[PDB]
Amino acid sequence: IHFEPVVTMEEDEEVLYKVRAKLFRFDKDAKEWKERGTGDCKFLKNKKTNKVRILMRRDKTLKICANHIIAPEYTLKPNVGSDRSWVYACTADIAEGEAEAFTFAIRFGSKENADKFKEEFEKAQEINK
């Protein structure tokens, strides 16, 4: 006699790389960088299509601050003020809903982290090719 007992959309992706970062977007009108979020930047590879995107969420709120394919045509360039950041143009990011173009800057805790990011970024671009 057994007694009757008491009654994200990232699921199909692999994490290739994760790093803590601060993301900025450039305001051309104001001519200034504006913070978009701080948290883990992940490179996620779709298991079916093998395509690699950047997905970044803010600490605590978990809100998306970056969501775009690591396009082969993108290039990481240095910012004049920093040895631990990269700037690049993105033509289709959907963090805020509708596809929108941005000039991003992403900054890391150290030059080493920035350099490892660049390596992983360009690897992801090759996978996407």
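When you see a residue number, it is the position in the sequence shown, counting from 1.
- prompt: Should the segment between residue 1 and residue 2 be described as having none, 1 to 3, 4 to 9, or 10 or more unmodelled residues of the deposited sequence?
  reply: Gap between residue 1 and residue 2: none, chain continuous.
- request: Select between 54 to 62 and 40 to 48 the stretch whose C-alpha atoms have the higher average B-factor in the entry.
  value: Result of the comparison: 40 to 48.
Stretch with the higher entry mean CA B-factor, where the candidates are 105 to 113 and 8 to 16: Taking the mean B-factor of the alpha carbons in each, 8 to 16 is higher.
Top residue by Cα temperature factor, when 34, 68, 84, 28 are compared in the entry: Each of 34, 68, 84, 28 was compared by C-alpha B-factor; the highest is 28.
message: For the chain shown, is the CA B-factor of residue 80 in the lowest, middle or highest third of its modelled residues?
response: For residue 80, whose C-alpha B-factor we compare with every modelled residue in the chain, the answer is the lowest third.
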